[PDB]
Structures are given as structure tokens and as C-alpha cells.
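FYI, the authors' numbering numbers position 49 of the sequence shown as 57, with every residue one higher than the one before it.
Cβ atoms here follow ideal geometry from the backbone N, Cα and C, with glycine treated the same way.
Worksheet: one structure, shown below.
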Amino acid sequence: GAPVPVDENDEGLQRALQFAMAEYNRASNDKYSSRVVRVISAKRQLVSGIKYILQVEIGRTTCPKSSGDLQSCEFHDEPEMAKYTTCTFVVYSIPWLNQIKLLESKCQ
């Protein structure tokens, strides 16, 4: 009948995590200009199995994804409130009937 919050006590979600790291690998194409920052929240829904709708805040920068070479790093100057992009992940996961996927990343 409705959505609910996700508990970080289940270690089975550590798999759906490797999914977001991939969709992101093809979303940043190059190796610079794009970079994630932090998570905004996460709620799980049900549709046969479970689903994880997250709201991430990704921005641009002079680094290759998370880590990389050189140091400095930054979203081009000090745009603590500029140059950014919100997005939401919709993961799918269900070991009870053979299922698990990654719908997509709703980013604008």
C-alpha cells in the first residue's frame, strides 16, 4: 500500500551498489568533468520484489570520477552552491524469483 525507508542492516544491498558505479561509468563518458558528491536519501518500494529510489547530488569537476591523480580537485572553482546536478537511482532487487536490475538514473 505504500513506500517505506530502507534499513542499512541488510548486507545484500552491497550488490546493487556495483550497479550504480557502472551506470555512472558510462554516464561520465570521459574521465573528468563529472563526479558524485553525497547521497540525499533512499526509500524502497515493492513491485514483486523490492526497489530502491535514491536521490543523489552529482556535480562536475577536474577529477576522474571519485579518485584519480593530481590533488586540488573541485567542481571548477568554489561553486559550493552552483555547477551541480540532482539525480535519482531506481534499483531493482529480488532473490525470491530470480531478479535484480537498475532501471536508470532520473537526472533531470
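TODO: Determine the direct distance from the alpha carbon of residue 114 to that of residue 13, and round the result to whole angstroms.
DONE: For the purposes of this step, residue 13 is taken as the residue at position 5 of the sequence shown. For the purposes of this step, residue 114 is taken as the residue at position 106 of the sequence shown. For residue 13 and residue 114, the distance between alpha carbons rounds to 19 Å.
Task: Beta-carbon proximity check, residue 101 vs residue 58, cutoff 9 Å - done: Here the question's residue 101 lines up with position 93 in the sequence shown. Here the question's residue 58 lines up with position 50 in the sequence shown. Yes.
- [ ] Can you check DSSP and say which residues form a bridge with residue 11?
- [x] Looking up residue 11 in the sequence shown gives position 3. DSSP, once it has assigned bridges, lists no residue as partnering residue 11.
- [ ] Indicate the three-state DSSP secondary structure (helix, strand or coil) for residue 65 in the structure shown.
- [x] As a position in the sequence shown, residue 65 is number 57, starting the count at 1. In the structure shown, residue 65 sits in a strand (DSSP, three-state: E or B).
TODO: Report the partner residues of residue 54 according to the DSSP bridge assignment.
DONE: Reading the sequence shown from its first residue, position 46 is the one you call residue 54. Answer is 58.
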